[PDB]
>>> print(open('entry.pdb').read())   # PDB, C-alpha atoms (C1' of nucleotides) and all ligand atoms
ATOM      1  CA  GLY A  70      12.328  19.475  11.077
ATOM      2  CA  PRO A  71       8.936  21.141  10.716
ATOM      3  CA  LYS A  72       6.195  19.400   8.784
ATOM      4  CA  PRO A  73       5.634  20.819   5.268
ATOM      5  CA  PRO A  74       2.445  22.877   4.827
ATOM      6  CA  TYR A  75       0.810  20.394   2.428
ATOM      7  CA  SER A  76      -2.148  18.184   3.263
ATOM      8  CA  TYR A  77      -2.113  14.432   2.714
ATOM      9  CA  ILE A  78      -4.485  15.013  -0.207
ATOM     10  CA  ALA A  79      -2.011  17.463  -1.746
ATOM     11  CA  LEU A  80       0.894  15.055  -1.177
ATOM     12  CA  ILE A  81      -0.908  12.197  -2.946
ATOM     13  CA  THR A  82      -1.916  14.547  -5.777
ATOM     14  CA  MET A  83       1.706  15.672  -6.194
ATOM     15  CA  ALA A  84       2.892  12.067  -6.422
ATOM     16  CA  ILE A  85       0.259  11.045  -8.989
ATOM     17  CA  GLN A  86       0.901  14.099 -11.173
ATOM     18  CA  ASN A  87       4.662  13.528 -10.901
ATOM     19  CA  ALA A  88       4.442   9.959 -12.226
ATOM     20  CA  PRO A  89       5.051   9.903 -16.004
ATOM     21  CA  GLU A  90       1.941   7.816 -16.722
ATOM     22  CA  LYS A  91      -0.142   9.745 -14.139
ATOM     23  CA  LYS A  92      -0.579   6.454 -12.256
ATOM     24  CA  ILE A  93       1.406   5.275  -9.246
ATOM     25  CA  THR A  94       1.447   2.494  -6.664
ATOM     26  CA  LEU A  95       1.071   3.057  -2.934
ATOM     27  CA  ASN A  96       4.771   2.490  -2.252
ATOM     28  CA  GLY A  97       5.562   4.925  -5.058
ATOM     29  CA  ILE A  98       3.551   7.495  -3.102
ATOM     30  CA  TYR A  99       5.600   6.745   0.029
ATOM     31  CA  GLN A 100       8.876   7.117  -1.868
ATOM     32  CA  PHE A 101       7.809  10.377  -3.528
ATOM     33  CA  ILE A 102       6.949  11.949  -0.173
ATOM     34  CA  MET A 103      10.082  10.755   1.627
ATOM     35  CA  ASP A 104      12.422  11.830  -1.195
ATOM     36  CA  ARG A 105      11.202  15.449  -1.158
ATOM     37  CA  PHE A 106      10.053  15.937   2.460
ATOM     38  CA  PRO A 107      12.549  14.876   5.155
ATOM     39  CA  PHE A 108       9.959  15.236   7.934
ATOM     40  CA  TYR A 109       8.244  12.060   6.685
ATOM     41  CA  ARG A 110      11.383   9.918   6.973
ATOM     42  CA  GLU A 111      10.471   9.385  10.649
ATOM     43  CA  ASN A 112       7.466   7.691  12.275
ATOM     44  CA  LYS A 113       6.370   6.138   8.995
ATOM     45  CA  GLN A 114       3.700   4.113  10.669
ATOM     46  CA  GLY A 115       1.514   7.068  11.417
ATOM     47  CA  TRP A 116       1.439   9.148   8.293
ATOM     48  CA  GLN A 117       1.551   6.181   5.897
ATOM     49  CA  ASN A 118      -1.634   4.999   7.516
ATOM     50  CA  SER A 119      -3.100   8.404   6.907
ATOM     51  CA  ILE A 120      -2.034   8.134   3.259
ATOM     52  CA  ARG A 121      -3.882   4.834   2.824
ATOM     53  CA  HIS A 122      -6.909   6.251   4.642
ATOM     54  CA  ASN A 123      -6.985   9.302   2.359
ATOM     55  CA  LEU A 124      -6.744   7.093  -0.737
ATOM     56  CA  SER A 125      -9.848   5.099   0.227
ATOM     57  CA  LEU A 126     -11.962   7.917   1.695
ATOM     58  CA  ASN A 127     -11.742  10.579  -1.015
ATOM     59  CA  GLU A 128     -13.454   9.829  -4.330
ATOM     60  CA  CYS A 129     -10.779  11.931  -6.051
ATOM     61  CA  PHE A 130      -8.334   8.974  -5.870
ATOM     62  CA  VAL A 131      -9.516   5.917  -7.820
ATOM     63  CA  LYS A 132      -7.800   2.542  -7.793
ATOM     64  CA  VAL A 133      -6.976   0.918 -11.097
ATOM     65  CA  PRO A 134      -5.614  -2.592 -11.792
ATOM     66  CA  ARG A 135      -2.190  -3.127 -13.318
ATOM     67  CA  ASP A 136      -1.136  -4.744 -16.600
ATOM     68  CA  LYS A 142       2.904  -4.787  -7.093
ATOM     69  CA  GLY A 143      -0.597  -4.058  -5.821
ATOM     70  CA  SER A 144      -2.554  -1.508  -7.846
ATOM     71  CA  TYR A 145      -2.227   1.875  -9.473
ATOM     72  CA  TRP A 146      -3.692   4.978  -7.852
ATOM     73  CA  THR A 147      -4.922   7.708 -10.205
ATOM     74  CA  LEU A 148      -6.763  11.016  -9.978
ATOM     75  CA  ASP A 149     -10.380  11.321 -10.995
ATOM     76  CA  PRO A 150     -10.231  13.724 -13.974
ATOM     77  CA  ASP A 151     -12.843  15.959 -12.313
ATOM     78  CA  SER A 152     -10.325  16.490  -9.480
ATOM     79  CA  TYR A 153      -7.031  16.493 -11.405
ATOM     80  CA  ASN A 154      -6.584  20.250 -10.850
ATOM     81  CA  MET A 155      -8.087  20.455  -7.341
ATOM     82  CA  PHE A 156      -5.099  22.714  -6.611
ATOM     83  CA  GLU A 157      -5.658  25.225  -9.384
ATOM     84  CA  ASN A 158      -2.688  27.571  -8.923
ATOM     85  CA  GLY A 159      -0.105  24.769  -8.699
ATOM     86  CA  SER A 160       1.126  25.733  -5.223
ATOM     87  CA  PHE A 161      -0.796  22.864  -3.546
ATOM     88  CA  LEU A 162      -1.600  25.189  -0.638
ATOM     89  CA  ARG A 163      -5.298  25.697  -1.469
ATOM     90  CA  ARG A 164      -7.735  23.039  -2.678
ATOM     91  CA  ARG A 165     -10.808  23.810  -4.788
ATOM     92  CA  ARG A 166     -14.079  22.451  -3.375
ATOM     93  CA  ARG A 167     -16.529  20.111  -5.029
ATOM     94  CA  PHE A 168     -18.829  21.033  -7.895
TER      95      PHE A 168
ATOM     96  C1'  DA B   1      -6.587   6.982  15.630
ATOM     97  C1'  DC B   2      -8.700   2.024  15.745
ATOM     98  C1'  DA B   3      -9.776  -2.845  14.010
ATOM     99  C1'  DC B   4      -9.723  -5.915  10.337
ATOM    100  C1'  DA B   5     -10.083  -8.272   5.677
ATOM    101  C1'  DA B   6      -8.055  -9.006   1.520
ATOM    102  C1'  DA B   7      -4.180  -9.441  -1.356
ATOM    103  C1'  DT B   8       1.034 -10.550  -1.644
ATOM    104  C1'  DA B   9       5.310 -11.740  -0.002
ATOM    105  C1'  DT B  10       8.446 -14.405   2.630
ATOM    106  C1'  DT B  11       9.806 -18.278   5.332
ATOM    107  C1'  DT B  12       9.391 -22.987   6.495
ATOM    108  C1'  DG B  13       8.350 -27.850   5.549
ATOM    109  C1'  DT B  14       8.383 -32.132   2.640
ATOM    110  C1'  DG B  15       9.744 -35.285  -1.096
ATOM    111  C1'  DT B  16      13.098 -36.669  -4.546
TER     112       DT B  16
ATOM    113  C1'  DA C   1      20.425 -28.978  -5.268
ATOM    114  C1'  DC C   2      15.395 -29.003  -7.137
ATOM    115  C1'  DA C   3      10.122 -28.288  -7.282
ATOM    116  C1'  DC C   4       6.381 -27.516  -4.626
ATOM    117  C1'  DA C   5       3.063 -27.193  -0.654
ATOM    118  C1'  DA C   6       2.030 -25.333   4.032
ATOM    119  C1'  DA C   7       2.262 -22.034   7.055
ATOM    120  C1'  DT C   8       3.516 -16.995   8.481
ATOM    121  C1'  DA C   9       4.510 -12.527   7.820
ATOM    122  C1'  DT C  10       3.909  -8.181   5.640
ATOM    123  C1'  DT C  11       1.708  -4.925   2.942
ATOM    124  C1'  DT C  12      -2.414  -3.004   1.000
ATOM    125  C1'  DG C  13      -7.134  -1.508   1.252
ATOM    126  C1'  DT C  14     -11.615  -0.476   3.636
ATOM    127  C1'  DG C  15     -14.753   0.775   7.323
ATOM    128  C1'  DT C  16     -16.233   3.495  11.407
TER     129       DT C  16
HETATM  130 MG    MG D 201     -10.981   6.551  -3.071
END
>>> encode(input="entry.pdb", output="structure tokens")
Amino acid sequence: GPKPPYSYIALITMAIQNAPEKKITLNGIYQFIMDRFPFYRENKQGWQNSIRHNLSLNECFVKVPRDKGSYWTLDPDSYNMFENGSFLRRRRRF
DNA sequence: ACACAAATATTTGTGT
DNA sequence: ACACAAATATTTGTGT
């Protein structure tokens, strides 16, 4: 149906915070979004590219090696970018 | 969006 | 059958 009101940055931040170890792979981010938001079960090419692009562009998502590919985590300075927990409004940079 | 490299995964080929 | 190497395919990550 309609696309949810959350930005790609909010979606990634939801997935990272939802992981028990606060670290998650890229496919884990795909699965999180598709499980909770049916709009993203279609045309995966497009938005999954936008997910990868948002992971590399924004400093707030830092890549970390494992112990498949790599774990994505939140910079602690940006862990609560969405202060009220609704993920509708994002705090701006210090 | 695009192109593209780098890193992994899968399929195919060869020898025994 | 197996082990293993080559070659391809796919995913992951980065740069305008
Ligand atoms: Mg980044």
>>> atom_distance(input="entry.pdb", atom1="CA of residue 122 in chain A", atom2="CA of residue 163 in chain A")
20.4 Å
>>> interface_residues(input="entry.pdb", of="chain C", to="chain A", cutoff="10 Å", atoms="all atoms listed in the file", output="list in words")
residues 11, 12, 13, 14 and 15 of chain C
>>> atom_distance(input="entry.pdb", atom1="CA of residue 85 in chain A", atom2="CA of residue 113 in chain A")
19.6 Å
>>> resolve_selection(input="entry.pdb", expression="the PyMOL selection byres (((chain A and resi 154) around 12) and not hetatm)", output="ChimeraX atom specification")
/A:79,82-83,85-86,129,148-153,155-161,163-167
>>> atom_distance(input="entry.pdb", atom1="CA of residue 75 in chain A", atom2="CA of residue 162 in chain A")
6.2 Å
>>> resolve_selection(input="entry.pdb", expression="the PyMOL selection byres (((chain B and resi 1) around 10) and not hetatm)", output="PyMOL selection string")
(chain A and resi 115+118-119) or (chain B and resi 2)
>>> closest_residue(input="entry.pdb", among="A:112, A:87, A:123, A:94", to="ligand MG 201 (chain D)", atoms="only C-alpha atoms and all ligand atoms")
A:123
>>> resolve_selection(input="entry.pdb", expression="the PyMOL selection byres (((chain A and resi 109) around 12) and not hetatm)", output="PyMOL selection string")
chain A and resi 70-73+75+77+80+98-108+110-117+119-120
>>> closest_residue(input="entry.pdb", among="A:89, A:133, A:168, A:127", to="ligand MG 201 (chain D)", atoms="all atoms listed in the file")
A:127
>>> closest_residue(input="entry.pdb", among="A:136, A:97, A:81, A:91", to="ligand MG 201 (chain D)", atoms="only C-alpha atoms and all ligand atoms")
A:81
>>> residues_around(input="entry.pdb", residues="residue 10 in chain B", least_positions_apart="5", cutoff="9 Å", atoms="all atoms listed in the file", output="PyMOL selection string")
chain C and resi 8-10
>>> write_last_selection(input="entry.pdb", atoms="C-alpha atoms (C1' of nucleotides)", output="short mmCIF file (atom, residue, chain, number, x, y, z; two decimals), in the coordinates of the input")
data_model
loop_
_atom_site.label_atom_id
_atom_site.label_comp_id
_atom_site.auth_asym_id
_atom_site.auth_seq_id
_atom_site.Cartn_x
_atom_site.Cartn_y
_atom_site.Cartn_z
"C1'" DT C 8 3.52 -17.00 8.48
"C1'" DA C 9 4.51 -12.53 7.82
"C1'" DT C 10 3.91 -8.18 5.64
#
>>> decode(input="entry.pdb", residues="range 73-111 of chain A", atoms="C-alpha atoms", output="mmCIF file, in the first residue's frame")
data_model
loop_
_atom_site.group_PDB
_atom_site.id
_atom_site.type_symbol
_atom_site.label_atom_id
_atom_site.label_comp_id
_atom_site.auth_asym_id
_atom_site.auth_seq_id
_atom_site.Cartn_x
_atom_site.Cartn_y
_atom_site.Cartn_z
ATOM 1 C CA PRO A 73 5.482 4.300 5.642
ATOM 2 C CA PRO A 74 6.374 7.825 6.816
ATOM 3 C CA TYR A 75 9.918 6.896 7.899
ATOM 4 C CA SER A 76 13.087 7.965 6.128
ATOM 5 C CA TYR A 77 15.756 5.496 5.048
ATOM 6 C CA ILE A 78 17.913 6.859 7.873
ATOM 7 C CA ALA A 79 15.138 6.114 10.371
ATOM 8 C CA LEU A 80 14.626 2.620 8.925
ATOM 9 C CA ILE A 81 18.323 1.750 9.274
ATOM 10 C CA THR A 82 18.360 3.204 12.801
ATOM 11 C CA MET A 83 15.335 1.083 13.756
ATOM 12 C CA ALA A 84 17.032 -2.070 12.481
ATOM 13 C CA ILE A 85 20.318 -1.403 14.302
ATOM 14 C CA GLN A 86 18.573 -0.579 17.586
ATOM 15 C CA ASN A 87 16.361 -3.663 17.207
ATOM 16 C CA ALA A 88 19.333 -6.033 16.901
ATOM 17 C CA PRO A 89 20.217 -7.508 20.320
ATOM 18 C CA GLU A 90 23.921 -6.655 20.004
ATOM 19 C CA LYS A 91 23.161 -3.245 18.414
ATOM 20 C CA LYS A 92 25.029 -4.445 15.309
ATOM 21 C CA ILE A 93 23.499 -5.863 12.141
ATOM 22 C CA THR A 94 24.476 -6.924 8.631
ATOM 23 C CA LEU A 95 23.113 -5.325 5.474
ATOM 24 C CA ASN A 96 20.804 -8.254 4.723
ATOM 25 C CA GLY A 97 19.579 -8.084 8.315
ATOM 26 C CA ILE A 98 18.551 -4.499 7.565
ATOM 27 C CA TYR A 99 16.651 -5.669 4.469
ATOM 28 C CA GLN A 100 14.850 -8.379 6.439
ATOM 29 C CA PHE A 101 13.931 -6.018 9.286
ATOM 30 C CA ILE A 102 12.340 -3.537 6.880
ATOM 31 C CA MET A 103 10.457 -6.136 4.836
ATOM 32 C CA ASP A 104 9.116 -7.959 7.913
ATOM 33 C CA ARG A 105 7.495 -4.820 9.368
ATOM 34 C CA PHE A 106 6.735 -2.720 6.259
ATOM 35 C CA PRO A 107 4.890 -4.529 3.441
ATOM 36 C CA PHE A 108 5.453 -1.651 0.998
ATOM 37 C CA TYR A 109 9.132 -2.646 0.746
ATOM 38 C CA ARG A 110 8.380 -6.225 -0.326
ATOM 39 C CA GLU A 111 8.125 -4.912 -3.910
#
